[PDB]
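Okay, so here's just one chain, in structure tokens, the form deposited in one PDB entry.
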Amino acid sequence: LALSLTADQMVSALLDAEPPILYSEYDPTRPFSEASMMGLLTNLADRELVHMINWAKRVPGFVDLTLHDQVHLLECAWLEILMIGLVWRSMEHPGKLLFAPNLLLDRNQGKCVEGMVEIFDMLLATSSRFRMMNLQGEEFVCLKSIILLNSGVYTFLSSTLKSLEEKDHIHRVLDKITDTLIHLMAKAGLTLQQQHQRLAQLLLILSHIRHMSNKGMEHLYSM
């Protein structure tokens, strides 16, 4: 099914696959009560993860893989995926991270948790970068699926025949998502040159996201 989709179809599938936007447990009518930043963020991350799994099943190509590899992809990607979602919804709120529509946090709330401000700044810098680029919703959903499919692909087994087939299938779906990205850009008026340039810009941001995710795990594990 996945390799037979046209670009318009792929975009639709991805838009339709989106998980719900979640609200925090924070009650802004009780601002002087004891609230735990990490508690609230943890509660949110854990509830998003439940929805992320169901979203992964709706990404074309994903359920064609074995169960073990489906698990592995999410295990390697989940924090990147949380982070790119944060960054996307934070685009229209410069200087702030919109963890939830009722939990919009200023940069300086990073300082409330030891070692968190560095990662906040990195998240804010990424949100800025999307803003400066006018990242479109269609492009965002393509990027989020690339993350899922690409982050664990290099660390399966290797020299086994099954992995060869699994990787081949992922690479073919990734090729389809690239075609889709280029198609959005061409449809929006960009020159070939401008198309390849923007595609490169977007994919180079993905390695920053990988970096943030690794720094994040490192910070989380240490709590």
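Numbering starts at 1 and follows the sequence shown. Shifts are known only where both forms have a C-alpha. Between two forms, the rigid core is the largest collection of C-alphas that superpose within 1.5 Å.
Missing here is the form deposited in another entry; even so, the following discussion is about that form.
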Checklist entry - Among 35, 49, 190, 182, which is the residue that shifts its C-alpha 2 Å or more between this form and the one not shown, core superposed? => result 35
Checklist entry - What happens to the Cα distance from residue 35 to residue 101 in the other entry: does it get closer or farther than here, with a change of 3 angstroms or more? => result farther
Item to check | in the other entry, whether the C-alpha atoms of residue 31 and residue 112 sit closer or farther than here (change of 3 Å or more) | outcome: closer
Checklist entry - Which parts of the chain move between this form and the one not shown, counting only runs of three or more residues whose C-alpha shifts are all 2 Å or more after core fitting? => result 27-35
